[PDB]
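Quick heads-up: it's one chain on its own, the form deposited in one PDB entry, in structure tokens.
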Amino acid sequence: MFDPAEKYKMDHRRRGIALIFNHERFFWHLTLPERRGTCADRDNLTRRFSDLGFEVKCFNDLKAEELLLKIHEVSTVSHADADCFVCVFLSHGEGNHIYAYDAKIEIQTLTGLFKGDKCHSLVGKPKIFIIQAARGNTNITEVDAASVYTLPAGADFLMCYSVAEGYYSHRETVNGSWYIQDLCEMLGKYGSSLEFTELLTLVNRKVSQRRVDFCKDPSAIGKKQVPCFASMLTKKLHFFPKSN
């Protein structure tokens, strides 16, 4: 009965929710820099995910408690009538942690709320996390060292990462993160036609190909960016237009 071309069923009434936690500033006593440009990331993502049928819900500079409450809320609501779930972190991170405004949170505990154990309505449905996080140091290009582990999650999770270990994350202070720029461009051109990992692969090409030989800053030279993704998907994932 088994089928090599099998797709996730993307014919539910609604596409689903895209959460976007967007962190620009941080509590003084953490000594983390402003992520100038993250608002371009937030806006570009919000548009592209809207266009694919997502109920996008942004949240600027939440503290740990607020963030946990919001994501727990979304986990316990029924996704019975939904194709999939997307969650995006634009912040600083270290190891297995993302930074809220006031403290770091274990990525494991955020992804764990959708494990299908904990959230029955999303069993057998794609759960995509996109993470644009790294180490805190007119349109300048600021450069952070990779810091967030390229963790997997569980069955039917796709974890997507701005940068792999050893490489470097770039953010233009007006245009935003290189990862998110190229992601959003490819979503723009291909989101509705291409399989999502085929697209994520295009993003890897586009970001790896960005030249870093002749740079305005002398010490940003030879700092290449290579993003990855960790698939535990079990079927092809397409965001074909849902019919009106």
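One-based numbering along the sequence shown. Only the largest set of C-alpha atoms that superpose within 1.5 Å between the two forms is called the rigid core. Only residues modelled in both forms are compared.
Only in words, not in the display: the form deposited with a partner chain bound, which the text now covers.
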- Is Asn139 close enough to the partner chain in the deposited bound form to count, meaning some heavy atom within 4.5 Å? no
- Item | Exercise: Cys58 in contact with the partner chain in the deposited bound form, heavy atom 4.5 Å | no
- is_contact(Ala145, the partner chain) in the deposited bound form, heavy atom dist at most 4.5 Å: no
- If you check in the deposited bound form, is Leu113 within 4.5 Å of the partner chain, heavy atoms only? yes
- Once the rigid core is overlaid, which residue runs, three or more long, move by 2 Å or more at each CA between the shown form and the other one? 211-215
